[PDB]
Structure formats: structure tokens, C-alpha cells
Protein chains: 2
Amino acid sequence: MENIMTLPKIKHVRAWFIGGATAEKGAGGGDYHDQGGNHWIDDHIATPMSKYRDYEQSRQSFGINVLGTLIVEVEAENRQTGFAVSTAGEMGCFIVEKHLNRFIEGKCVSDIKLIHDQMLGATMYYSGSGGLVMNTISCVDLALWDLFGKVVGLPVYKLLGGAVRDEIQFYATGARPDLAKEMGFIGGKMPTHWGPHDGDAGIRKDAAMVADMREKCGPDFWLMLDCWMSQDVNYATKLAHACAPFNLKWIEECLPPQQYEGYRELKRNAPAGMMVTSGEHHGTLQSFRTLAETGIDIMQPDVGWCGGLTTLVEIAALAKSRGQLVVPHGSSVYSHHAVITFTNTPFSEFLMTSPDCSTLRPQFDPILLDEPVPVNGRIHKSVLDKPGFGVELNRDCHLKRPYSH
Amino acid sequence: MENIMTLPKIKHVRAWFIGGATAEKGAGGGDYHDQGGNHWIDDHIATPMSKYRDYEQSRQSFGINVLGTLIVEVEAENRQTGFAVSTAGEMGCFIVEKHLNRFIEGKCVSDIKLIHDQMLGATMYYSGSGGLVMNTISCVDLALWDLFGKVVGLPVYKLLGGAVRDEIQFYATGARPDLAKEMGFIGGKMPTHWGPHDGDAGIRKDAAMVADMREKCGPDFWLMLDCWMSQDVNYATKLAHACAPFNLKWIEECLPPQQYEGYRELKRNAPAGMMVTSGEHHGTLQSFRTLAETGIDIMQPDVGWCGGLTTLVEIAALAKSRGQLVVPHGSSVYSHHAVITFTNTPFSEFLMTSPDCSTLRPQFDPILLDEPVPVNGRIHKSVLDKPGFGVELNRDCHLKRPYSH
Ligand SMILES: [Mg+2]
Ligand SMILES: [Mg+2]
């Protein structure tokens, strides 16, 4: 047998950020919500805070954009690099440069799972199993997979065992399911604009929004509702039943992440055939074990928030073992390379970054160079035939390096 | 009726830090683990990382001390101030100065619960329900209660409805239960030094450690084991049964926080009469609802990590409703003022900050001025008869202010 390919050790790990409270607001990139004004993603979206008059119209007003984008780049001894982006910004840089670097530098570029376990174990006392700290860990994990793929010379999807479908079909999230249908998407997920404090009027208005789009899009184009942790079991139950006549495919993240018991009850109360989903804010495989056992239909981890690709692959197996689907939240290429290899991820999400949902602005615009976007609502596997996650870091963005080591 | 006491509005909120990766290592204060060398708290303590040779001897080596102390001070329009400390450091300062300040400034000093709900709702998308972000929220909550108490002129324990006992009796956590007995404590909790990877030898060694202290302390002095998230169900079960002959009162935090299902199984497998506890790393009332339902005997939230005093009081009611006890993790005065009013907190914890557990070095030494310490293993309620949490900020420490607004 031939001698194996020689692999370099990891030399440096660096972290930068753009956007967030200490940089330029509206930088976009990794933080989906770090947008400018007049953006659908900030237009009276129901949230745990919209019950407050001062925070009802804008999520930005309560600080959904304070973190900004975290960028992690790992450089091997042979000078090759790999990178990834997520939501964490400056604080994410602290974690990487002042803590996690000790487990990263000096390792082989193939020691991905090892570094992953060490990051989880070393931060367990302050990670809270999700959110900020997990977003940071996820970003490092993705940067490592990117570097490994670029060193080996293969797309991440091939390293994982290959594609199980020739193309990824997408549904679009935004305020214009009708325009999404025109673009070729298979469905459209809309955000709810009213919450529990709005009562029956709120239910009537969001249900009317769904009815209107059903009329405009026809019966086969899927329609879904995203509730961004803004409701309670009763309100979610009433809304789901109010939308049943229009064949709403699923109602998403109705409750805060810790409310597993509530999700179990909500799923039990759901109209026959209508799915209940959640997961974008959950982190760690164990949390997904608990979430899966509530009986919800689809878990939706964000690859950059759940713990990384390493964790995503485990979550996919968990769901598959139960005969269920896993449909990641956004994530662009970080999701594409993974889900195209998952038999139980028949479709993916494309979260509209276009202010009015009329164009195909890239998912992480503009931090990723040559970022692929759906063509006729799909991304063919050949589009992913590039090393690692197939993109390059846009250094024309004003990247800030708050910490060093 | 007389006109009510006039209350000022909150003018400023400021955040500082000491210790941590960007300051002086070993600063102590809020971060219990930010100690120097030769400290029992870093002496081969079993952890999720001790299975790794390079991280077996020292928790500091894997970074248990990177955060340091977060200090939050709230100033009212009448110039009176209130403050609190916790574990979060520089990153905690970012959260307070760049995000949470918008919900704090301008409110009445009595709007504590309102600010609390807004902090939770606004950070839900990145808090992960515990850890770093929750520690920060908790610190703000405590600072608010401190300010309110100082403005009103009453100790927090009286504002809460008064003491239900004349003194708080303590058990001591550290490597010397025998010295703790001499000091007047009612029991001693020791850390385990070996983990699953050590197998039967590890169980034999930690059990022998317990047997030795039982011999030295007698039958009535309580002995407990702290496992700092380092085990799995089987190992914890074996260790608990190995310690049953010595009447180990309880075995604490055997599993990582997300493993609710494991805790349920462990409690079921526990020797008759032996308690199973956890909770110091959990956050948010909902997580404690789930933890409580696993059947464990005592939940141990840290007042500065679980969400604050506001959350602690709710957790106490949850436990009380189930006929169970709540015994907070460390927390000094932040716990004292609360638990002295809880019928279901018959005793409290004093975590030895003394390197060799031979003296009564204050719990948060040296960031808190005039910090009370147990006398004969107890703290009489009269010791707490000072405004707010009864202490002042030691500004002789080199406090750093990384952010402004
Ligand atoms: Mg969603
Ligand atoms: Mg403990």
C-alpha cells in the first residue's frame, strides 16, 4: 500500500468580527439579523419581547443585532487556511483567542473530533449548552472542517460520504412566499407578526396572511409559519388550528428552547398532519436528544450555532434513528455540504437577506466570496465541487481583531 | 395614609472586571476558580476534561479561570449605588454596556422584575439558558436588588419577607472536612479526584477518601461528594454504592447539565436514603422545572449564575411545592439574604477559598468589603442587618472598564 497523504499540524487560530455593537451596524455577514432599515426581517416580527410597546416594531430595538459576525480562521504549518463565520462577534473572539486556542494549535488538521470534544468539555462550566458560547465552538469546528477539506483537496460533502441527491431543493423564508414561488422555491415560510398579547385579533391577522399567500401560491407550494419563540402552548394551538384550513405545512419554534414539556403538549394538540418544529436555538447533542423525545416532527439546528458540523452529523443520525427529518436553519454552505449527504434532509432553507425578499442576495452576504445561491430554487451538487466549504473570506470587509495571543 | 417613600430612577449602569485571561490571574473575587497555585480547588479535581492527560491535574490548565470576575454597579439619580459580582469578566462587561443597559437605565429602582424579564427576553436568542450570559443577567439582577435595598434602607432579607431562622448553619466544601468540623461546620463536601476512565481504582480511591474522613469526623458530621459534571450514570452509581457504608449524605452534579434523563436514572439507582443533587450550572426557571422533575433531592443554583435573586426565589417555590429543598451553590451574601427566608433551605454552603482549607477566607475575597464569614459554622441574622446585601465594593482591586456607553 502507498504511504498516506502527509498532513500538516495546525499553527495558528485567529478570530475577527464585523458588525455588532462595537462595529458597523448592518454589516450582515454571519449575523442574519445585523441588517439595515426597511428590512422584512425586522418588520414587526413577533418575539418574546414584542409584548412590550417599545420593542414591538423592531427586533433590532431590543438588541437582536448586538453580537455581529464572528470569523475564525485556522492556519496550518504549510500555510493553508480554513475558516468559517457565525454569530458572536467580539465576545466570540475573546473565547477563541483567550481560551479555545490552547486545544486547537499544535493539533493535526485531522484532529477535528478531538478538538471538538475538548472545546465542549473545557467550556461546559459557562457555555449554557447553547447560544453565544456554542456559536463560537461551532465556528471553530466549521473552520477546522474547512481547513481539512482544503488541505486534502476535497469538498466537505465528499469527505462525509458523498451526496445522496444530485441537488438541494429549497424553501424560502421571508415576507414574500409569492415571489419565492416565482424564483423556483418549493415553499415559503413567513414570520408571525402578532403574539399572545394580541389574542384572537393576532391569530386572525397572521392566519389571514397565510390564507392570502395560499390563494396566491396555489395548493402544492408549501407555506409555513415561523414564530421565533414568541408564543405559549394555548396561543400556538389556536394559531395552528386557525391555519389548518390552508394546509400550513408546519408551525415553527412556537416556544422558548427550554420548554420541552410545552413542545410535547403542543405537538399533541396539533391539527392532524400539521408538523411542529424547533431547534435553531438549541445546542449540544444531548439537548437535541431531549428535544427529539418531545415528539416534534423536525429539528432545525443552525450548523453555526448547534455545535458545528460535527454535532450536526450526530443530530442527523439521532433524527434518522427515529425515522424523522432534520432541516437545518439557514447556514449556507455549512449546511449544504452536510445535508446533501443526509437521506433525511429532503429539502433545505434559504433565509432571505434581501430587504424586500425580491432578490437572491447570498445567505451570508457579503462576508463570503463566491457564495453559491439557489438557481431556480435549487443548488446542484456540482456547485459544491470545491475544497472544504468552497468559499473564501471577503477581506474587503472591515474585519476587526480585538484580541491576540 | 401617608405619602409613600419617593424613589429615584436609575441613572447609570457600569461594568468592570478583575482577573480572567485579560487581567491578573488569581484575582479571586467573583470567580471561585480564579486562584493561585497550590490551591485545593485545583488539585486533581475530576472533570469532563480530566480524562485527558494534559488536563487531568489542573482545571486551570483547561481554562476554568479564563472569565474572571464581573462587577456590575447601578447608580440612581440620587447618587446612591448598588452592585454585585459574578463570573463573566470582560465579556460580561460587553453584555451589560452594549446590550442590557437599554433596559436598565431610566427605570425606577423598584422595577427589578420588569428589567429581569426584559433581560431574559432580549437575550434569549444567544443566552443558551445558562452559563456566561445568564451569569451576567444574574449579576445585574443582584446589583438592582442591592440598590433597591440601599435606597429603601433595608437588608434584602427583610424586603423578602424576613428570616425564618435566627442563623444560617453551614457545611464546608473543600479537601479538609476534618478541619471544617473543628471550625464548627455541620458537614464537609469533598471533590472527587478520579473519573470513569479510572474505573474501579478511581472508585476505590475516592471511597477510601470518604471512609477516612468518616473515621476522623464521626457519624453525625455530614460528608458529601462533589463530582463536578465528571461522570456517567454507571460510574456515579458504582461510586454512590461504594460510599453507602459510610453514610455519604449526597453525591453532587455527577452529570453534565443537559443530561436530565441520566439524572432521573441515577436517582432511581441511588442507595436507599442517599441523595442525588445538581443545579449549580443550570439557568432559568424552566430548566429547573425540568431538573426538578428528574426526581433529584436538592437543586443547587448559584444565585449569581441561575438568573439572579429574582430567579432563585422562584426556584425555591418550585422546590417547596414538591416538598423538596433548595441549597444554593456558594454565593455568599447573595445567597444568605435569600435562604435565611426560605423554609426549605435548612442549611447553606461555604466554599473554601482558603488554599488549604484551614482558614475562613471570605467566599468572594477580596472584592467584597466587610464580607461576613461563618462564626462557629454559622451566620446570625443580625450579621445581615445592613442595607441591600450589606457589603461595599473593594475599589483597591485593579478594576478594569473595557467598555463604555
Ligand atoms: Mg426559525
Ligand atoms: Mg458542586
Kindly indicate the residue of the stretch B:250-259 that is within 22 Å of B:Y126 (Cβ to Cβ) and in contact (Cβ under 8 Å) with a residue 12 or more places away in the chain and also farthest from ligand 1 (Cβ to nearest atom) among those meeting that condition. B:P256
Would you confirm, using the coordinates I've provided, whether B:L248 is within 16 Å of ligand 2 (Cβ to nearest atom) and in a loop (DSSP other than H, G, I, E, B)? yes
Here the residues within the stretch A:253-289 that are under 30 Å from A:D141 (Cα atoms), over 18 Å from the mean Cα position of the chain (by Cα) and more than 7 Å from chain B (Cβ to nearest Cβ) are A:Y263, A:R289
Could you check the stretch B:263-301 and list, in sequence order, the residues that are touching a residue at least 60 places away in the same chain (Cβ under 8 Å) and assigned to a loop (DSSP other than H, G, I, E, B)? B:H281, B:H282, B:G283, B:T284
Looking at (1) without any contact (Cβ under 8 Å) to a residue 40 or more places away in the chain; (2) not hydroxyl-bearing (S, T, Y); (3) not in a loop (DSSP other than H, G, I, E, B), which is the only condition A:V373 fails? (3)
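When the stretch A:186-223 is examined, which residues are found to be of a type outside the set (A, V, I, L, M), more than 16 Å from ligand 1 (Cβ to nearest atom) and over 19 Å from A:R53 (Cβ atoms)?
Initial filter on the stretch A:186-223 (of a type outside the set (A, V, I, L, M)): A:187-189, A:191-200, A:202, A:204-206, A:212, A:214-222.
Applying the additional criterion that residues be more than 16 Å from ligand 1 (Cβ to nearest atom) yields A:194, A:196-200, A:202, A:204-205, A:212, A:214-221.
Selection gives A:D200, A:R204, A:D212, A:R214, A:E215, A:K216, A:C217, A:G218, A:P219, A:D220, A:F221.
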Output the number of the condition that A:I315 fails; it satisfies all remaining conditions of (1) farther than 25 Å from A:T22 by Cα; (2) of a type outside the set (D, E, K, R); (3) away from every other protein chain (no Cβ under 14 Å). (3)
Residue satisfying condition, being more than 14 Å from B:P155 (Cβ to Cβ), among the hydrophobic types (A, V, I, L, M, F, W, C) and touching a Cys at 6+ places or on another chain (Cβ under 9 Å), within set B:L312, B:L351, B:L393, B:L369: B:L312
Taking B:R322 as meeting all but one of (1) more than 14 Å from chain A (Cβ to nearest Cβ); (2) crowded, with 23+ Cβ neighbours inside 10 Å; (3) away from ligand 2 (no atom under 16 Å from the Cβ), write down the number of the exception. (2)
Count of residues meeting criterion [of a type outside the set (S, T, N, Q) and assigned to a loop (DSSP other than H, G, I, E, B)] in the stretch A:1-46: 28
A:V66: out of contact with any strand residue (DSSP E or B) (no Cβ under 7 Å at 6 or more places or on another chain) and touching a residue at least 12 places away in the same chain (Cβ under 8 Å), yes or no? yes
Scan the stretch A:181-208 for residues that are among the hydrophobic types (A, V, I, L, M, F, W, C) and without any contact (Cβ under 8 Å) to a residue 40 or more places away in the chain and report the count. 5
In the stretch A:55-101, residues that are more than 14 Å from chain B (Cβ to nearest Cβ) and within 19 Å of A:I367 (Cα to Cα) total 10
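Okay, residues lined up against (1) touching a strand residue (DSSP E or B) at 6+ places or on another chain (Cβ under 9 Å); (2) outside any loop (DSSP other than H, G, I, E, B); (3) of a type in the set (S, T, Y); (4) free of Cβ contacts under 8 Å to residues at least 12 places away in the same chain:
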| position | (1), (2), (3), (4) |
| --- | --- |
| B:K320 | yes, yes, no, no |
| B:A338 | no, yes, no, no |
| B:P362 | yes, no, no, no |
| B:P366 | no, no, no, no |
| B:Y403 | yes, no, yes, no |
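For the stretch B:49-62, how many residues are crowded, with 23+ Cβ neighbours inside 10 Å and in a loop (DSSP other than H, G, I, E, B)?
Count: 2.
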With the structure loaded, tell me whether B:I379 is surrounded by 24 or more Cβ atoms within 10 Å (Cβ to Cβ), more than 15 Å from ligand 2 (Cβ to nearest atom) and not assigned by CATH to the domain that holds B:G68 or whether it fails that test. no
The residue that is nearest to B:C357 (Cα to Cα), considering only those in the stretch B:194-213 that are surrounded by fewer than 18 Cβ atoms within 10 Å (Cβ to Cβ) and either of a type outside the set (A, V, I, L, M, F, W, C) or in contact with a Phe, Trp or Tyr (Cβ under 6 Å, 6 or more places away or on another chain) (or both), is B:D212
Taking the stretch A:104-124, which residues are among the aliphatic types (A, V, I, L, M) and more than 7 Å from chain B (Cβ to nearest Cβ)? A:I104, A:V109, A:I112, A:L114, A:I115, A:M119, A:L120
Meets criteria (assigned by CATH to the domain that holds A:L351, more than 18 Å from A:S348 (Cβ to Cβ) and without any contact (Cβ under 8 Å) to a residue 60 or more places away in the chain) for A:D178: yes
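Each row is one residue, and each column tells you yes or no for (1) assigned to a loop (DSSP other than H, G, I, E, B); (2) within 20 Å of the chain's Cα centre (by Cα).
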residue: B:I71; (1), (2): no, yes
residue: B:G82; (1), (2): no, yes
residue: B:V96; (1), (2): no, no
residue: B:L100; (1), (2): no, no
residue: B:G106; (1), (2): yes, no
residue: B:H116; (1), (2): no, yes
residue: B:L120; (1), (2): no, yes
Between a residue in the stretch A:27-53 that is at the interface with chain B (Cβ under 9 Å from one of its Cβ atoms) and any residue that is aliphatic (A, V, I, L, M) and in a loop (DSSP other than H, G, I, E, B), which pairs come within a Cβ distance under 6 Å, given they are 6 or more apart or on different chains? A:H33/A:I64; A:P48/A:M229
Taking the residues in the stretch A:224-249 that are over 18 Å from A:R264 (Cβ atoms) and within 14 Å of chain B (Cβ to nearest Cβ) as candidates, determine which candidate is nearest to ligand 1 (Cβ to nearest atom). A:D226
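As a convention, Cβ positions derive from the backbone with ideal geometry for all residues, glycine included, and neighbour counts pool all protein chains shown. Basis: the model, the stated rules and, where named, an outside source; these are not laboratory values.
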